[PDB]
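Data file: work18.txt. Format and content: compact mmCIF, C-alpha atoms and all ligand atoms.
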# COMPACT_ATOMS: atom_id res chain seq x y z
CA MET A 1 0.81 -5.70 0.70
CA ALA A 2 -0.93 -9.14 1.00
CA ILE A 3 -3.13 -10.61 3.82
CA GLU A 4 -0.94 -12.60 6.28
CA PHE A 5 -1.53 -14.56 9.52
CA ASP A 6 1.31 -15.57 11.89
CA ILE A 7 -0.14 -18.67 13.73
CA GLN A 8 1.43 -20.53 16.69
CA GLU A 9 -0.02 -22.93 19.30
CA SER A 10 0.19 -21.86 22.98
CA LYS A 11 3.30 -23.35 24.70
CA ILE A 12 1.12 -23.65 27.88
CA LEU A 13 -2.39 -24.78 26.69
CA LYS A 14 -2.76 -27.52 24.02
CA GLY A 15 -5.14 -26.52 21.21
CA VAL A 16 -5.08 -22.73 21.95
CA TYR A 17 -3.70 -20.69 18.97
CA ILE A 18 -2.26 -17.12 18.83
CA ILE A 19 -3.15 -15.53 15.45
CA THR A 20 -1.27 -12.29 14.56
CA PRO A 21 -2.57 -10.54 11.41
CA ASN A 22 -0.33 -8.13 9.44
CA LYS A 23 -1.57 -4.52 9.01
CA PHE A 24 -1.33 -1.86 6.28
CA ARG A 25 -0.39 1.40 8.13
CA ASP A 26 -0.46 4.87 6.46
CA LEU A 27 -1.39 8.53 7.28
CA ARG A 28 -5.11 7.47 7.66
CA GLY A 29 -4.66 4.61 10.21
CA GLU A 30 -4.59 0.79 9.71
CA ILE A 31 -6.39 -1.88 7.63
CA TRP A 32 -6.28 -5.55 8.69
CA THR A 33 -8.10 -8.90 8.22
CA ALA A 34 -9.17 -10.60 11.52
CA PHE A 35 -10.40 -13.69 9.62
CA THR A 36 -10.75 -15.51 6.33
CA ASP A 37 -12.17 -19.04 5.95
CA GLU A 38 -9.17 -19.86 3.66
CA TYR A 39 -6.48 -19.28 6.38
CA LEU A 40 -8.28 -19.95 9.72
CA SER A 41 -10.92 -22.62 8.75
CA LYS A 42 -8.40 -25.46 9.50
CA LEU A 43 -8.35 -24.38 13.26
CA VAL A 44 -11.87 -26.01 13.48
CA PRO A 45 -12.98 -29.64 12.60
CA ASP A 46 -14.88 -30.36 9.32
CA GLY A 47 -18.53 -29.16 9.11
CA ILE A 48 -18.03 -26.63 11.99
CA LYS A 49 -17.98 -23.02 10.64
CA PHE A 50 -17.55 -19.56 12.24
CA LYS A 51 -21.15 -18.28 11.73
CA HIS A 52 -21.57 -15.67 14.56
CA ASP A 53 -19.89 -12.27 15.28
CA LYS A 54 -20.28 -10.43 18.65
CA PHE A 55 -19.03 -7.02 19.92
CA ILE A 56 -18.80 -6.44 23.71
CA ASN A 57 -18.33 -2.79 24.83
CA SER A 58 -17.09 -2.54 28.45
CA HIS A 59 -15.74 0.19 30.73
CA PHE A 60 -12.54 0.32 32.75
CA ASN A 61 -12.21 -2.25 35.58
CA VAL A 62 -14.91 -4.60 34.12
CA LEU A 63 -14.05 -8.38 34.26
CA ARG A 64 -16.29 -10.79 32.26
CA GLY A 65 -15.74 -14.56 32.94
CA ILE A 66 -14.85 -17.23 33.45
CA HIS A 67 -17.38 -18.54 30.85
CA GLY A 68 -17.31 -21.61 28.58
CA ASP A 69 -19.67 -24.08 26.86
CA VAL A 70 -19.31 -27.65 25.53
CA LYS A 71 -19.62 -26.92 21.72
CA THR A 72 -18.33 -23.36 20.82
CA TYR A 73 -14.91 -22.51 19.28
CA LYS A 74 -14.10 -18.81 19.89
CA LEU A 75 -11.74 -16.40 18.05
CA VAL A 76 -11.35 -13.39 20.45
CA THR A 77 -9.60 -9.98 20.17
CA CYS A 78 -9.79 -6.33 21.31
CA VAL A 79 -10.25 -3.82 18.43
CA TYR A 80 -10.33 -0.73 20.67
CA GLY A 81 -8.58 -0.12 24.01
CA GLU A 82 -6.89 -2.89 26.05
CA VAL A 83 -8.06 -6.13 27.73
CA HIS A 84 -6.16 -8.70 29.80
CA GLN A 85 -7.59 -11.68 27.82
CA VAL A 86 -7.23 -14.88 29.93
CA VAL A 87 -7.90 -18.43 28.67
CA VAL A 88 -8.34 -21.16 31.35
CA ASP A 89 -8.05 -24.90 30.50
CA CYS A 90 -11.48 -26.19 31.69
CA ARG A 91 -11.09 -29.69 30.06
CA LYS A 92 -11.29 -31.83 33.27
CA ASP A 93 -9.35 -34.67 31.49
CA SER A 94 -6.49 -32.27 30.35
CA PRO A 95 -3.03 -32.63 31.96
CA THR A 96 -3.26 -28.79 32.28
CA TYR A 97 -6.79 -28.60 33.78
CA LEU A 98 -7.15 -25.12 35.41
CA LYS A 99 -3.86 -23.78 34.00
CA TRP A 100 -4.25 -20.34 32.31
CA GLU A 101 -2.48 -17.94 29.92
CA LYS A 102 -2.88 -14.12 29.65
CA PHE A 103 -2.85 -12.24 26.31
CA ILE A 104 -2.87 -8.42 26.76
CA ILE A 105 -4.40 -7.32 23.41
CA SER A 106 -4.23 -3.64 22.32
CA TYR A 107 -3.11 -1.22 19.52
CA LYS A 108 0.45 -2.68 19.94
CA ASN A 109 -0.40 -6.44 20.31
CA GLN A 110 -3.28 -7.14 17.82
CA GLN A 111 -3.63 -10.89 18.52
CA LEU A 112 -6.70 -13.12 18.05
CA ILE A 113 -6.84 -16.11 20.44
CA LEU A 114 -8.52 -19.36 19.28
CA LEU A 115 -10.17 -21.30 22.19
CA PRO A 116 -11.51 -24.84 21.52
CA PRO A 117 -14.68 -25.82 23.50
CA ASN A 118 -14.60 -26.61 27.27
CA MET A 119 -12.23 -23.60 27.80
CA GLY A 120 -12.69 -20.60 30.17
CA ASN A 121 -12.98 -17.26 28.29
CA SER A 122 -12.37 -14.10 30.38
CA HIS A 123 -11.18 -10.50 29.94
CA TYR A 124 -10.40 -7.52 32.19
CA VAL A 125 -10.68 -3.98 30.73
CA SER A 126 -7.46 -2.02 31.60
CA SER A 127 -8.24 0.92 29.17
CA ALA A 128 -10.92 3.64 29.78
CA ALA A 129 -13.21 1.53 27.52
CA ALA A 130 -12.69 -1.54 25.29
CA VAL A 131 -14.44 -3.16 22.30
CA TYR A 132 -14.02 -6.96 22.37
CA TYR A 133 -14.69 -8.74 19.04
CA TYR A 134 -15.24 -12.47 18.96
CA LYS A 135 -16.27 -14.96 16.31
CA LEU A 136 -18.06 -18.16 17.43
CA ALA A 137 -18.13 -21.51 15.52
CA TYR A 138 -20.66 -24.15 16.69
CA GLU A 139 -23.32 -26.53 15.26
CA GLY A 140 -27.00 -25.95 16.25
CA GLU A 141 -28.36 -23.20 18.55
CA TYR A 142 -26.31 -20.53 20.41
CA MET A 143 -25.20 -21.53 23.92
CA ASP A 144 -26.56 -18.59 25.98
CA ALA A 145 -25.76 -18.15 29.73
CA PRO A 146 -28.09 -20.99 30.91
CA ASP A 147 -26.21 -23.58 28.72
CA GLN A 148 -22.72 -22.25 29.74
CA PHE A 149 -20.45 -23.20 32.70
CA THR A 150 -18.80 -20.58 34.99
CA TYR A 151 -15.59 -20.52 37.13
CA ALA A 152 -14.83 -17.67 39.56
CA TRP A 153 -12.46 -15.00 38.13
CA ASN A 154 -10.49 -15.46 41.43
CA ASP A 155 -10.86 -19.29 41.71
CA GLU A 156 -8.00 -20.25 44.09
CA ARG A 157 -7.27 -23.45 42.05
CA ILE A 158 -6.62 -21.32 38.88
CA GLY A 159 -4.72 -18.39 40.53
CA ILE A 160 -5.07 -15.89 37.59
CA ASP A 161 -2.80 -12.82 38.13
CA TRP A 162 -5.38 -9.99 37.56
CA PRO A 163 -4.31 -6.30 37.88
CA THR A 164 -6.99 -5.71 40.61
CA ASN A 165 -8.66 -7.54 43.56
CA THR A 166 -11.82 -5.36 42.95
CA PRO A 167 -13.33 -5.72 39.43
CA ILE A 168 -16.84 -4.73 38.23
CA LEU A 169 -18.75 -8.07 37.95
CA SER A 170 -22.24 -9.15 36.71
CA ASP A 171 -24.42 -11.10 39.24
CA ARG A 172 -23.48 -14.34 37.32
CA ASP A 173 -19.72 -13.62 37.95
CA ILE A 174 -20.41 -12.68 41.63
CA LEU A 175 -22.47 -15.92 42.23
CA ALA A 176 -19.45 -17.97 40.94
CA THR A 177 -17.26 -16.42 43.76
CA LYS A 178 -19.58 -17.83 46.56
CA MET B 1 -32.43 -11.94 25.82
CA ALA B 2 -32.71 -13.70 22.39
CA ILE B 3 -30.41 -12.30 19.61
CA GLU B 4 -32.66 -10.16 17.29
CA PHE B 5 -32.25 -8.16 14.02
CA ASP B 6 -34.47 -5.43 12.51
CA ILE B 7 -34.01 -5.75 8.68
CA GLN B 8 -35.23 -2.92 6.38
CA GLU B 9 -34.55 -2.22 2.67
CA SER B 10 -33.40 1.35 1.79
CA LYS B 11 -36.15 3.61 0.37
CA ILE B 12 -33.39 5.14 -1.82
CA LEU B 13 -31.28 2.28 -3.28
CA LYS B 14 -32.90 -1.11 -4.15
CA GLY B 15 -30.85 -4.06 -2.74
CA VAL B 16 -29.31 -2.03 0.18
CA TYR B 17 -30.48 -3.41 3.61
CA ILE B 18 -30.23 -1.60 7.01
CA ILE B 19 -29.69 -4.25 9.79
CA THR B 20 -30.32 -3.15 13.44
CA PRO B 21 -29.29 -5.63 16.18
CA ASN B 22 -30.67 -5.54 19.77
CA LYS B 23 -28.16 -5.05 22.67
CA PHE B 24 -27.95 -6.50 26.23
CA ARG B 25 -27.16 -3.44 28.51
CA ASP B 26 -25.94 -3.83 32.15
CA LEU B 27 -23.59 -2.25 34.79
CA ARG B 28 -20.57 -3.29 32.58
CA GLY B 29 -21.63 -1.97 29.13
CA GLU B 30 -23.27 -3.74 26.13
CA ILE B 31 -23.21 -7.12 24.27
CA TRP B 32 -24.57 -7.35 20.69
CA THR B 33 -24.52 -9.72 17.68
CA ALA B 34 -23.46 -8.09 14.36
CA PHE B 35 -24.02 -11.27 12.31
CA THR B 36 -25.33 -14.85 12.37
CA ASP B 37 -25.41 -17.14 9.29
CA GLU B 38 -28.92 -18.31 10.44
CA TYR B 39 -30.40 -14.71 10.27
CA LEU B 40 -28.32 -12.80 7.66
CA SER B 41 -27.15 -15.38 5.01
CA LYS B 42 -30.58 -14.94 3.24
CA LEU B 43 -29.40 -11.31 2.37
CA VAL B 44 -26.89 -12.84 -0.11
CA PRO B 45 -27.68 -15.26 -3.00
CA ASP B 46 -27.44 -19.02 -2.21
CA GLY B 47 -23.80 -20.22 -2.39
CA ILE B 48 -22.02 -16.93 -1.49
CA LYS B 49 -20.84 -17.02 2.20
CA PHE B 50 -19.53 -14.15 4.39
CA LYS B 51 -16.00 -15.59 4.83
CA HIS B 52 -13.84 -12.42 5.36
CA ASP B 53 -13.74 -9.98 8.35
CA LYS B 54 -11.82 -6.68 8.17
CA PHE B 55 -11.17 -3.74 10.54
CA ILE B 56 -10.13 -0.22 9.49
CA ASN B 57 -8.88 2.20 12.21
CA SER B 58 -8.96 5.80 10.93
CA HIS B 59 -8.13 9.26 12.35
CA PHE B 60 -10.66 12.12 12.52
CA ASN B 61 -11.25 13.66 9.06
CA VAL B 62 -10.16 10.48 7.14
CA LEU B 63 -12.39 9.62 4.13
CA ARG B 64 -12.00 6.18 2.51
CA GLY B 65 -13.88 5.69 -0.83
CA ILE B 66 -15.68 5.45 -3.06
CA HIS B 67 -14.64 1.78 -3.65
CA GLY B 68 -16.51 -1.17 -5.22
CA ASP B 69 -16.05 -4.34 -7.30
CA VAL B 70 -18.18 -6.61 -9.54
CA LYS B 71 -18.55 -9.58 -7.07
CA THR B 72 -18.19 -8.48 -3.36
CA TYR B 73 -21.24 -8.22 -0.99
CA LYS B 74 -20.25 -6.13 2.10
CA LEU B 75 -21.85 -5.78 5.60
CA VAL B 76 -20.44 -2.52 7.10
CA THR B 77 -20.65 -0.71 10.50
CA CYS B 78 -18.70 1.37 13.03
CA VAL B 79 -17.88 -0.40 16.36
CA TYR B 80 -16.03 2.56 17.99
CA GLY B 81 -16.50 6.31 17.40
CA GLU B 82 -18.70 7.64 14.59
CA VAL B 83 -18.61 7.55 10.74
CA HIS B 84 -20.66 9.05 7.89
CA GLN B 85 -21.16 5.72 5.99
CA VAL B 86 -22.16 6.70 2.37
CA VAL B 87 -23.49 4.02 -0.06
CA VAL B 88 -23.47 4.97 -3.80
CA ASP B 89 -25.40 3.10 -6.57
CA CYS B 90 -22.59 2.36 -9.12
CA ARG B 91 -24.72 -0.17 -11.14
CA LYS B 92 -24.66 1.62 -14.56
CA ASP B 93 -27.91 -0.35 -15.40
CA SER B 94 -29.86 0.90 -12.24
CA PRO B 95 -32.36 3.81 -12.56
CA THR B 96 -30.69 5.29 -9.35
CA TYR B 97 -27.10 4.96 -10.79
CA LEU B 98 -25.07 7.61 -8.80
CA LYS B 99 -27.81 8.16 -6.19
CA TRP B 100 -26.33 7.99 -2.63
CA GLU B 101 -27.63 7.37 0.95
CA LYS B 102 -25.83 8.35 4.23
CA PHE B 103 -26.00 6.46 7.58
CA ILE B 104 -24.27 8.17 10.58
CA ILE B 105 -23.24 4.99 12.51
CA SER B 106 -22.06 4.88 16.19
CA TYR B 107 -22.91 2.85 19.37
CA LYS B 108 -26.04 5.11 19.73
CA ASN B 109 -27.20 4.16 16.16
CA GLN B 110 -25.78 0.66 15.55
CA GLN B 111 -26.88 0.06 11.90
CA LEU B 112 -25.12 -2.52 9.70
CA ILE B 113 -25.50 -1.74 5.93
CA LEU B 114 -25.61 -4.62 3.36
CA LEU B 115 -24.12 -3.56 -0.05
CA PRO B 116 -24.55 -5.82 -3.10
CA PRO B 117 -21.75 -5.88 -5.71
CA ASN B 118 -21.24 -2.97 -8.16
CA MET B 119 -22.05 -0.48 -5.34
CA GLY B 120 -19.70 2.28 -4.07
CA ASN B 121 -18.66 1.97 -0.37
CA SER B 122 -17.32 5.01 1.54
CA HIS B 123 -17.08 6.40 5.13
CA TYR B 124 -15.83 9.63 6.75
CA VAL B 125 -14.55 9.73 10.38
CA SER B 126 -16.44 12.48 12.30
CA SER B 127 -15.10 11.27 15.73
CA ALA B 128 -11.51 11.58 17.15
CA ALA B 129 -10.90 8.03 15.80
CA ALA B 130 -13.11 5.21 14.38
CA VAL B 131 -13.00 1.38 14.12
CA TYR B 132 -14.94 0.32 10.96
CA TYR B 133 -15.88 -3.40 10.75
CA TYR B 134 -16.90 -5.11 7.50
CA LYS B 135 -17.75 -8.66 6.48
CA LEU B 136 -17.10 -9.63 2.80
CA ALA B 137 -19.05 -12.34 0.90
CA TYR B 138 -17.57 -13.21 -2.56
CA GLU B 139 -16.91 -16.23 -4.82
CA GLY B 140 -13.15 -17.06 -5.08
CA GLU B 141 -10.24 -14.60 -4.51
CA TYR B 142 -10.27 -11.18 -2.75
CA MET B 143 -10.78 -8.23 -5.20
CA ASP B 144 -7.81 -5.96 -4.18
CA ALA B 145 -7.37 -2.27 -5.31
CA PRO B 146 -6.31 -3.27 -8.91
CA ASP B 147 -9.58 -5.34 -9.26
CA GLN B 148 -11.69 -2.42 -7.86
CA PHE B 149 -13.36 0.72 -9.22
CA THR B 150 -13.04 4.08 -7.40
CA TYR B 151 -15.40 7.09 -7.74
CA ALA B 152 -14.13 10.50 -6.53
CA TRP B 153 -15.49 11.19 -3.00
CA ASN B 154 -16.66 14.64 -4.32
CA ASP B 155 -17.75 13.41 -7.85
CA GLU B 156 -20.22 16.18 -9.06
CA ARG B 157 -22.54 13.49 -10.57
CA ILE B 158 -23.14 11.97 -7.06
CA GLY B 159 -22.98 15.29 -5.13
CA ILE B 160 -22.70 13.58 -1.67
CA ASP B 161 -23.17 15.92 1.33
CA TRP B 162 -19.80 15.56 3.22
CA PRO B 163 -19.09 17.50 6.46
CA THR B 164 -15.77 18.82 4.98
CA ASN B 165 -14.09 20.10 1.77
CA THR B 166 -10.62 18.67 2.75
CA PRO B 167 -10.62 15.08 4.08
CA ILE B 168 -7.43 13.00 4.64
CA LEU B 169 -7.25 10.63 1.58
CA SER B 170 -5.14 7.84 0.03
CA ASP B 171 -3.20 8.46 -3.22
CA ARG B 172 -5.87 6.44 -5.14
CA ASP B 173 -8.76 8.44 -3.51
CA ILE B 174 -6.82 11.68 -4.42
CA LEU B 175 -6.17 10.45 -8.01
CA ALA B 176 -9.98 9.82 -8.35
CA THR B 177 -10.68 13.60 -7.83
CA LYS B 178 -8.19 14.68 -10.61
CA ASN B 179 -8.76 11.61 -12.88
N1 LIG A 201 -2.36 -6.38 5.51
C1 LIG A 201 -3.52 -6.03 4.90
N2 LIG A 201 -3.42 -5.09 3.98
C2 LIG A 201 -4.50 -4.69 3.31
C3 LIG A 201 -5.81 -5.25 3.62
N3 LIG A 201 -6.69 -4.67 2.79
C4 LIG A 201 -6.00 -3.78 2.05
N4 LIG A 201 -4.69 -3.81 2.36
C5 LIG A 201 -3.63 -3.01 1.72
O1 LIG A 201 -3.82 -1.63 2.01
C6 LIG A 201 -3.53 -0.85 0.86
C7 LIG A 201 -4.73 0.04 0.52
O2 LIG A 201 -5.88 -0.72 0.10
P1 LIG A 201 -7.28 0.01 -0.35
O3 LIG A 201 -8.21 -1.15 -0.74
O4 LIG A 201 -6.86 1.06 -1.36
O5 LIG A 201 -7.74 0.71 1.05
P2 LIG A 201 -8.93 1.77 1.45
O6 LIG A 201 -8.55 3.08 0.76
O7 LIG A 201 -8.88 1.91 2.96
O8 LIG A 201 -10.23 1.10 1.03
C8 LIG A 201 -3.19 -1.83 -0.25
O9 LIG A 201 -1.79 -2.10 -0.33
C9 LIG A 201 -3.77 -3.13 0.21
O10 LIG A 201 -3.04 -4.22 -0.32
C10 LIG A 201 -5.88 -6.27 4.67
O11 LIG A 201 -6.96 -6.81 5.01
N5 LIG A 201 -4.72 -6.60 5.25
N1 LIG A 202 -29.29 -8.94 22.60
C1 LIG A 202 -28.28 -9.77 22.89
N2 LIG A 202 -28.18 -10.24 24.16
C2 LIG A 202 -27.17 -11.08 24.50
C3 LIG A 202 -26.21 -11.47 23.48
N3 LIG A 202 -25.32 -12.29 24.07
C4 LIG A 202 -25.68 -12.43 25.37
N4 LIG A 202 -26.80 -11.73 25.60
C5 LIG A 202 -27.49 -11.60 26.90
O1 LIG A 202 -26.66 -10.86 27.78
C6 LIG A 202 -26.72 -11.42 29.12
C7 LIG A 202 -25.34 -11.87 29.61
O2 LIG A 202 -24.81 -12.95 28.86
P1 LIG A 202 -23.42 -13.55 29.34
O3 LIG A 202 -23.12 -14.63 28.34
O4 LIG A 202 -23.40 -13.84 30.83
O5 LIG A 202 -22.41 -12.31 29.04
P2 LIG A 202 -20.90 -12.05 29.58
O6 LIG A 202 -21.01 -11.93 31.07
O7 LIG A 202 -20.58 -10.81 28.77
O8 LIG A 202 -20.05 -13.20 29.10
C8 LIG A 202 -27.71 -12.56 29.08
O9 LIG A 202 -28.98 -12.05 29.47
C9 LIG A 202 -27.71 -12.93 27.60
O10 LIG A 202 -28.93 -13.47 27.16
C10 LIG A 202 -26.37 -10.90 22.14
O11 LIG A 202 -25.53 -11.20 21.24
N5 LIG A 202 -27.40 -10.07 21.90
NA NA A 203 -21.41 19.57 2.88
Would you mind writing the file out in structure tokens?
Amino acid sequence: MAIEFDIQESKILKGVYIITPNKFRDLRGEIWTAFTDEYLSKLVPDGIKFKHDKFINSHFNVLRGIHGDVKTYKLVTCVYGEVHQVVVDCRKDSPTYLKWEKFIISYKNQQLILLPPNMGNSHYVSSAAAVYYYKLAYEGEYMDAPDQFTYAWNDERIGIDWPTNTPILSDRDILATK
Amino acid sequence: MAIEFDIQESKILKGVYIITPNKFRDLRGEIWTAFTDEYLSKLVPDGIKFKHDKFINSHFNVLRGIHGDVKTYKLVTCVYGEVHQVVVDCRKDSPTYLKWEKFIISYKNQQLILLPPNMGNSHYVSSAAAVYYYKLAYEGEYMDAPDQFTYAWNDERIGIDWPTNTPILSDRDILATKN
């Protein structure tokens, strides 16, 4: 069995890609490739490389977002449990500014979503716990919270269908709701 | 909170590094960085880039190994559950050829292990289930199972301390024990 990626662009959000890796399944579990440069480099303009891997461990009913920055391409997935992954178009000059798309990523939908910069990254944890993996590609220093923009998870102008009105939020994600 | 790494070289096997990231902890859980080019690329010779990310989900009692190849640098960890990660020195020219070191890796002990080429990689799943993450750095094409070596998980010459006599194995990891 060889390493394969099914790739298609979102039908809702221009420049968002849905990457589906194949998996080797046996008695022991599964092996899969989330990323090679060879297959997924072309999703990102010349010079810009994926150079940064993060794991985010969250409990049930946690919502992180909506976070973006001006320079970071993100490849996001859930490698344990289940997240309602939601991308918002936060490009103010996009014909789909503040449109959104949900990807419910779990054991039975192992997708990686590619966000270009100026997009809203968010996830809600619908499992008991979830491990969120994401690769970042940017030039220069990491955009930490102070260099990032924030929209409210429940911003009326976005209207994301979340499975709860009452998520567990950081102070940053609460401040965005005022 | 700045992204940070504690980097230490094994006391047992020259060229094996133990990487410990810091974690942001809050009401929601934890955020941590497993890898940046800026901090970890200097572990690998100039030229060779980490360019391949893999995930292995395994049941309790699964043992995968001992697998290596002549060109692949690996950065390995467990991002859910718990594994006995065992590194073996399989460099026939090293004075610790067939010496081994164990790391029991979990959220509570988040070590990433850097393996140079010609080293034996293995892990056993001690938890209900485990997600094993590993970055590969290599020149050119992936070394698949035909381009790999395999040492028997229980090879007498290594004598690894495993928490079981009867792990769940692949055909090739079973062959190793009889061949
Ligand atoms: N789809 C996919 N299959 C893989 C990958 N890596 C290995 N395989 C397949 O899984 C099978 C077992 O590979 P092996 O290297 O023996 O696995 P291990 O025993 O878990 O280290 C072989 O057919 C491989 O071709 C991967 O990243 N993606
Ligand atoms: N140690 C460490 N801290 C981080 C990392 N990423 C973010 N942080 C810190 O965690 C906190 C929350 O960051 P934020 O981007 O709002 O996280 P989010 O709400 O999960 O998207 C801030 O204090 C960051 O500095 C990391 O990779 N390692
Ligand atoms: Na034993």
Give me, as an MDAnalysis selection string, the residues of chain B touching chain A, with the criterion being at most 9 Å (counting all atoms listed in the file). chainID B and resid 1:2 26:38 50:64 79:80 131 168:170
In Å, how far is it from atom CA of residue 97 of chain B to atom CA of residue 116 of chain B? 13.5 Å
Neighbours of ligand NA 203 (chain A) at 9 Å or closer, counting only C-alpha atoms and all ligand atoms: which residues, as a PDB file with C-alpha atoms, keeping the file's coordinate frame?
ATOM      1  CA  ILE B 160     -22.700  13.580  -1.670  1.00  0.00           C
ATOM      2  CA  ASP B 161     -23.170  15.920   1.330  1.00  0.00           C
ATOM      3  CA  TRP B 162     -19.800  15.560   3.220  1.00  0.00           C
ATOM      4  CA  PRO B 163     -19.090  17.500   6.460  1.00  0.00           C
ATOM      5  CA  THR B 164     -15.770  18.820   4.980  1.00  0.00           C
ATOM      6  CA  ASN B 165     -14.090  20.100   1.770  1.00  0.00           C
TER       7      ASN B 165
END
Skipping near chain neighbours, those fewer than 4 positions away, what residues fall within 9 Å of residue 155 of chain A using only C-alpha atoms, listed as a ChimeraX atom specification? /A:151,159-160,176-177
From the set A:89, A:174, A:78, A:83, which residue has the shortest atom-to-atom contact distance to residue 10 of chain A, counting all atoms listed in the file?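 For residue 10 of chain A, the nearest of the candidates is A:89.
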Coordinates of box centre and edge lengths for ligand LIG 202 (chain A), 4 Å on every side, axis-aligned, as AutoDock Vina command-line options:
--center_x -24.7 --center_y -11.8 --center_z 26.2 --size_x 17.2 --size_y 13.7 --size_z 17.8
Please return segment 131-145 of chain A, rebuilt to N, CA, C and O atoms, as a short mmCIF file (atom, residue, chain, number, x, y, z; two decimals), in the coordinates of the input.
data_model
loop_
_atom_site.label_atom_id
_atom_site.label_comp_id
_atom_site.auth_asym_id
_atom_site.auth_seq_id
_atom_site.Cartn_x
_atom_site.Cartn_y
_atom_site.Cartn_z
N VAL A 131 -13.54 -2.39 23.19
CA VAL A 131 -14.44 -3.16 22.30
C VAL A 131 -13.78 -4.50 22.06
O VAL A 131 -12.72 -4.53 21.41
N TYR A 132 -14.43 -5.55 22.52
CA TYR A 132 -14.02 -6.96 22.37
C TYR A 132 -14.83 -7.50 21.20
O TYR A 132 -16.06 -7.27 21.16
N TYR A 133 -14.12 -8.02 20.21
CA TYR A 133 -14.69 -8.74 19.04
C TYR A 133 -14.47 -10.22 19.26
O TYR A 133 -13.32 -10.62 19.62
N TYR A 134 -15.50 -11.02 19.10
CA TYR A 134 -15.24 -12.47 18.96
C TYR A 134 -16.25 -13.14 18.05
O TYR A 134 -17.47 -12.83 18.05
N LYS A 135 -15.65 -14.00 17.23
CA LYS A 135 -16.27 -14.96 16.31
C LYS A 135 -16.52 -16.25 17.08
O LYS A 135 -15.64 -16.65 17.88
N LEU A 136 -17.67 -16.86 16.84
CA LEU A 136 -18.06 -18.16 17.43
C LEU A 136 -18.28 -19.15 16.29
O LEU A 136 -18.80 -18.73 15.26
N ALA A 137 -17.84 -20.40 16.46
CA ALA A 137 -18.13 -21.51 15.52
C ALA A 137 -18.69 -22.66 16.33
O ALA A 137 -17.99 -23.11 17.27
N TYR A 138 -19.91 -23.07 16.00
CA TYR A 138 -20.66 -24.15 16.69
C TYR A 138 -21.70 -24.70 15.72
O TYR A 138 -22.05 -24.01 14.75
N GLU A 139 -22.15 -25.93 15.97
CA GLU A 139 -23.32 -26.53 15.26
C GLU A 139 -24.55 -26.32 16.15
O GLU A 139 -24.38 -26.39 17.37
N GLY A 140 -25.71 -26.05 15.55
CA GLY A 140 -27.00 -25.95 16.25
C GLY A 140 -27.20 -24.58 16.84
O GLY A 140 -26.65 -23.61 16.30
N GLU A 141 -27.95 -24.49 17.94
CA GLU A 141 -28.36 -23.20 18.55
C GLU A 141 -27.23 -22.63 19.41
O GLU A 141 -26.41 -23.39 19.95
N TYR A 142 -27.25 -21.30 19.57
CA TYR A 142 -26.31 -20.53 20.41
C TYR A 142 -26.41 -21.01 21.85
O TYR A 142 -27.53 -21.12 22.39
N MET A 143 -25.26 -21.27 22.47
CA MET A 143 -25.20 -21.53 23.92
C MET A 143 -25.23 -20.17 24.63
O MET A 143 -24.18 -19.49 24.69
N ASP A 144 -26.41 -19.77 25.11
CA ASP A 144 -26.56 -18.59 25.98
C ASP A 144 -26.20 -19.00 27.42
O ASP A 144 -25.88 -20.20 27.65
N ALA A 145 -26.18 -18.02 28.32
CA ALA A 145 -25.76 -18.15 29.73
C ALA A 145 -26.30 -19.44 30.34
O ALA A 145 -25.55 -20.13 31.02
#
